[PDB]
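As stored in structure.txt (compact mmCIF, N, CA, C and O atoms):
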```txt
# COMPACT_ATOMS: atom_id res chain seq x y z
N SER A 201 202.79 85.42 -53.00
CA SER A 201 203.51 84.96 -54.21
C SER A 201 203.27 85.91 -55.38
O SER A 201 203.54 85.57 -56.53
N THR A 202 202.80 87.11 -55.07
CA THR A 202 202.50 88.10 -56.10
C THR A 202 203.74 88.92 -56.44
O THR A 202 204.31 89.58 -55.56
N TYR A 203 204.17 88.87 -57.69
CA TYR A 203 205.25 89.72 -58.17
C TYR A 203 204.81 91.18 -58.12
O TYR A 203 203.76 91.54 -58.65
N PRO A 204 205.60 92.03 -57.46
CA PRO A 204 205.33 93.47 -57.38
C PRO A 204 205.77 94.20 -58.65
O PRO A 204 205.45 93.78 -59.77
N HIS A 205 206.45 95.31 -58.47
CA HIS A 205 207.03 96.04 -59.57
C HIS A 205 208.28 96.76 -59.08
O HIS A 205 208.34 97.18 -57.92
N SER A 206 209.26 96.89 -59.96
CA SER A 206 210.48 97.63 -59.68
C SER A 206 210.15 99.00 -59.07
O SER A 206 209.38 99.78 -59.63
N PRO A 207 210.74 99.29 -57.89
CA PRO A 207 210.36 100.43 -57.04
C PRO A 207 210.45 101.80 -57.71
O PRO A 207 209.94 102.78 -57.17
N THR A 208 211.12 101.89 -58.84
CA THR A 208 211.28 103.17 -59.51
C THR A 208 211.03 103.05 -61.01
O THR A 208 211.79 102.41 -61.74
N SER A 209 209.94 103.64 -61.46
CA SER A 209 209.63 103.73 -62.88
C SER A 209 208.76 104.96 -63.13
O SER A 209 209.32 106.02 -63.46
N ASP B 170 221.04 77.98 -45.39
CA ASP B 170 219.96 78.74 -46.06
C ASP B 170 219.98 80.22 -45.68
O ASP B 170 219.28 81.03 -46.28
N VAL B 171 220.79 80.57 -44.68
CA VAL B 171 220.87 81.95 -44.21
C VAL B 171 221.49 82.93 -45.24
O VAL B 171 221.10 84.10 -45.25
N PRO B 172 222.43 82.52 -46.14
CA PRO B 172 222.99 83.44 -47.15
C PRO B 172 221.92 84.09 -48.02
O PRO B 172 222.15 85.14 -48.61
N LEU B 173 220.77 83.44 -48.12
CA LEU B 173 219.64 84.01 -48.83
C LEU B 173 218.48 84.17 -47.85
O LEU B 173 217.84 83.19 -47.48
N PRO B 174 218.25 85.41 -47.37
CA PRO B 174 217.21 85.70 -46.37
C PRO B 174 215.83 85.20 -46.81
O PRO B 174 215.50 85.22 -47.99
N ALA B 175 215.01 84.81 -45.83
CA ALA B 175 213.78 84.08 -46.12
C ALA B 175 212.60 85.02 -46.35
O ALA B 175 211.68 84.70 -47.11
N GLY B 176 212.61 86.17 -45.70
CA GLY B 176 211.54 87.13 -45.89
C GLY B 176 211.80 88.03 -47.08
O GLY B 176 211.10 89.02 -47.29
N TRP B 177 212.80 87.67 -47.87
CA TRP B 177 213.25 88.50 -48.98
C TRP B 177 212.99 87.82 -50.32
O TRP B 177 213.30 86.64 -50.50
N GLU B 178 212.41 88.57 -51.23
CA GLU B 178 212.09 88.08 -52.56
C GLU B 178 213.19 88.44 -53.54
O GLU B 178 213.69 89.57 -53.54
N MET B 179 213.55 87.50 -54.40
CA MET B 179 214.54 87.74 -55.43
C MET B 179 213.86 88.26 -56.69
O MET B 179 213.40 87.47 -57.52
N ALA B 180 213.76 89.57 -56.81
CA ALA B 180 213.21 90.15 -58.01
C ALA B 180 214.33 90.40 -59.00
O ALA B 180 214.98 91.45 -58.99
N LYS B 181 214.58 89.39 -59.81
CA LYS B 181 215.66 89.44 -60.77
C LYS B 181 215.14 89.90 -62.12
O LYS B 181 214.52 89.13 -62.86
N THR B 182 215.35 91.18 -62.42
CA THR B 182 214.87 91.77 -63.65
C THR B 182 215.92 91.64 -64.76
O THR B 182 217.08 92.05 -64.57
N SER B 183 215.53 91.10 -65.91
CA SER B 183 216.45 90.84 -67.02
C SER B 183 217.04 92.13 -67.58
O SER B 183 218.02 92.11 -68.33
N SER B 184 216.43 93.26 -67.24
CA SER B 184 216.92 94.56 -67.66
C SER B 184 218.23 94.92 -66.96
O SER B 184 218.92 95.86 -67.35
N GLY B 185 218.55 94.18 -65.90
CA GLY B 185 219.76 94.45 -65.15
C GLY B 185 219.46 95.08 -63.80
O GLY B 185 220.21 95.93 -63.32
N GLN B 186 218.36 94.65 -63.19
CA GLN B 186 217.93 95.20 -61.92
C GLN B 186 217.71 94.09 -60.90
O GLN B 186 216.92 93.18 -61.13
N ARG B 187 218.43 94.16 -59.80
CA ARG B 187 218.24 93.21 -58.71
C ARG B 187 217.73 93.93 -57.47
O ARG B 187 218.52 94.49 -56.70
N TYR B 188 216.42 93.97 -57.30
CA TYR B 188 215.84 94.60 -56.13
C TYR B 188 215.17 93.54 -55.26
O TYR B 188 214.57 92.59 -55.77
N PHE B 189 215.29 93.71 -53.97
CA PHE B 189 214.83 92.71 -53.03
C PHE B 189 213.67 93.22 -52.20
O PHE B 189 213.74 94.28 -51.57
N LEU B 190 212.58 92.47 -52.22
CA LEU B 190 211.42 92.78 -51.41
C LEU B 190 211.50 92.13 -50.04
O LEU B 190 211.80 90.95 -49.94
N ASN B 191 211.19 92.86 -48.98
CA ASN B 191 210.92 92.19 -47.72
C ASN B 191 209.42 91.96 -47.65
O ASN B 191 208.66 92.88 -47.40
N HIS B 192 208.99 90.73 -47.93
CA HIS B 192 207.55 90.44 -48.03
C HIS B 192 206.87 90.46 -46.67
O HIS B 192 205.68 90.21 -46.56
N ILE B 193 207.65 90.76 -45.65
CA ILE B 193 207.12 90.92 -44.31
C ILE B 193 206.70 92.37 -44.06
O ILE B 193 205.63 92.63 -43.51
N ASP B 194 207.55 93.30 -44.46
CA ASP B 194 207.30 94.73 -44.26
C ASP B 194 206.77 95.40 -45.53
O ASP B 194 206.25 96.52 -45.47
N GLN B 195 206.92 94.71 -46.67
CA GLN B 195 206.63 95.30 -47.99
C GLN B 195 207.65 96.40 -48.27
O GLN B 195 207.35 97.44 -48.86
N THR B 196 208.89 96.12 -47.88
CA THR B 196 209.98 97.07 -48.02
C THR B 196 210.68 96.90 -49.36
O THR B 196 211.07 95.79 -49.74
N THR B 197 210.84 98.01 -50.07
CA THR B 197 211.52 98.01 -51.36
C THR B 197 213.02 98.26 -51.17
O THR B 197 213.44 99.35 -50.79
N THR B 198 213.81 97.23 -51.41
CA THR B 198 215.24 97.28 -51.14
C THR B 198 216.06 97.24 -52.43
O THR B 198 215.91 96.33 -53.24
N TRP B 199 216.92 98.24 -52.64
CA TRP B 199 217.85 98.22 -53.78
C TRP B 199 219.24 97.77 -53.33
O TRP B 199 220.16 97.69 -54.14
N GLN B 200 219.37 97.48 -52.05
CA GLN B 200 220.65 97.09 -51.48
C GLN B 200 220.67 95.60 -51.15
O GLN B 200 219.78 95.10 -50.47
N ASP B 201 221.68 94.91 -51.63
CA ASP B 201 221.86 93.50 -51.32
C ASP B 201 222.04 93.30 -49.82
O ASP B 201 222.87 93.96 -49.20
N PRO B 202 221.23 92.41 -49.23
CA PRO B 202 221.24 92.12 -47.79
C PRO B 202 222.61 91.77 -47.22
O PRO B 202 222.81 91.81 -46.01
N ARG B 203 223.53 91.35 -48.08
CA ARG B 203 224.88 91.00 -47.63
C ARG B 203 225.86 92.13 -47.90
O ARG B 203 226.97 92.15 -47.37
N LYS B 204 225.44 93.08 -48.73
CA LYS B 204 226.22 94.27 -49.02
C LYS B 204 225.87 95.39 -48.05
O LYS B 204 226.75 95.97 -47.42
N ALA B 205 224.57 95.68 -47.95
CA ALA B 205 224.08 96.78 -47.14
C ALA B 205 224.84 98.07 -47.44
O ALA B 205 225.54 98.59 -46.54
```
Kindly transcribe the structure held in the file into structure tokens.
Amino acid sequence: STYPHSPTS
Amino acid sequence: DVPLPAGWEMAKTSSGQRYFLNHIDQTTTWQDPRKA
């Protein structure tokens, strides 16, 4: 249930 | 319930980004599972 991060930053 | 895949996370970013995680493979998907 852990929110990741947008794959490109 | 199939129109929305179960191993897929809805990462709905208010910035205007809809990226889908496969929480099974840890796959970073920028393509809608129904669009491909």
Would you mind listing, for every residue of chain B within 8 Å of chain A, the two atoms forming the shortest contact and the distance between them in Å to one decimal, using all atoms listed in the file, sorted by chain and ascending residue number, as a Markdown table?
```
| residue | atom | partner | partner_atom | distance |
| --- | --- | --- | --- | --- |
| B:180 | O | A:206 | CA | 7.7 |
| B:186 | O | A:206 | CA | 8.0 |
| B:188 | CA | A:206 | CA | 7.1 |
| B:197 | CA | A:207 | CA | 6.3 |
| B:198 | N | A:207 | CA | 7.3 |
```
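Put simply, CA of residue 187 in chain B is 19.1 Å away from atom N of residue 171 in chain B.
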(request) Could you please determine the separation between CA of residue 204 in chain B and atom O of residue 174 in chain B in Å, to one decimal place? (result) 14.1 Å
(request) Tell me, in Å to one decimal, how far atom O of residue 192 in chain B is from CA of residue 170 in chain B. (result)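 Interatomic distance here is 18.3 Å.
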(message) Write out as number ranges by chain the set of residues from chain B that DSSP, computed on the backbone, places in strand (DSSP E).
(response) B: 177-182, 186-191, 196-198
Write a file of the selected residues as a short mmCIF file (atom, residue, chain, number, x, y, z; two decimals), in the coordinates of the input, keeping N, CA, C and O atoms.
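Full text of result_14.cif as output:
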```cif
data_model
loop_
_atom_site.label_atom_id
_atom_site.label_comp_id
_atom_site.auth_asym_id
_atom_site.auth_seq_id
_atom_site.Cartn_x
_atom_site.Cartn_y
_atom_site.Cartn_z
N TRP B 177 212.80 87.67 -47.87
CA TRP B 177 213.25 88.50 -48.98
C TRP B 177 212.99 87.82 -50.32
O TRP B 177 213.30 86.64 -50.50
N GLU B 178 212.41 88.57 -51.23
CA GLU B 178 212.09 88.08 -52.56
C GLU B 178 213.19 88.44 -53.54
O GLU B 178 213.69 89.57 -53.54
N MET B 179 213.55 87.50 -54.40
CA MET B 179 214.54 87.74 -55.43
C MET B 179 213.86 88.26 -56.69
O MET B 179 213.40 87.47 -57.52
N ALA B 180 213.76 89.57 -56.81
CA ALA B 180 213.21 90.15 -58.01
C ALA B 180 214.33 90.40 -59.00
O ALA B 180 214.98 91.45 -58.99
N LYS B 181 214.58 89.39 -59.81
CA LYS B 181 215.66 89.44 -60.77
C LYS B 181 215.14 89.90 -62.12
O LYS B 181 214.52 89.13 -62.86
N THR B 182 215.35 91.18 -62.42
CA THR B 182 214.87 91.77 -63.65
C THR B 182 215.92 91.64 -64.76
O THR B 182 217.08 92.05 -64.57
N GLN B 186 218.36 94.65 -63.19
CA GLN B 186 217.93 95.20 -61.92
C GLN B 186 217.71 94.09 -60.90
O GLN B 186 216.92 93.18 -61.13
N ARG B 187 218.43 94.16 -59.80
CA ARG B 187 218.24 93.21 -58.71
C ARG B 187 217.73 93.93 -57.47
O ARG B 187 218.52 94.49 -56.70
N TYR B 188 216.42 93.97 -57.30
CA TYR B 188 215.84 94.60 -56.13
C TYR B 188 215.17 93.54 -55.26
O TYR B 188 214.57 92.59 -55.77
N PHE B 189 215.29 93.71 -53.97
CA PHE B 189 214.83 92.71 -53.03
C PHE B 189 213.67 93.22 -52.20
O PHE B 189 213.74 94.28 -51.57
N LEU B 190 212.58 92.47 -52.22
CA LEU B 190 211.42 92.78 -51.41
C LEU B 190 211.50 92.13 -50.04
O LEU B 190 211.80 90.95 -49.94
N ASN B 191 211.19 92.86 -48.98
CA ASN B 191 210.92 92.19 -47.72
C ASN B 191 209.42 91.96 -47.65
O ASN B 191 208.66 92.88 -47.40
N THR B 196 208.89 96.12 -47.88
CA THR B 196 209.98 97.07 -48.02
C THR B 196 210.68 96.90 -49.36
O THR B 196 211.07 95.79 -49.74
N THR B 197 210.84 98.01 -50.07
CA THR B 197 211.52 98.01 -51.36
C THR B 197 213.02 98.26 -51.17
O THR B 197 213.44 99.35 -50.79
N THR B 198 213.81 97.23 -51.41
CA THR B 198 215.24 97.28 -51.14
C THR B 198 216.06 97.24 -52.43
O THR B 198 215.91 96.33 -53.24
#
```
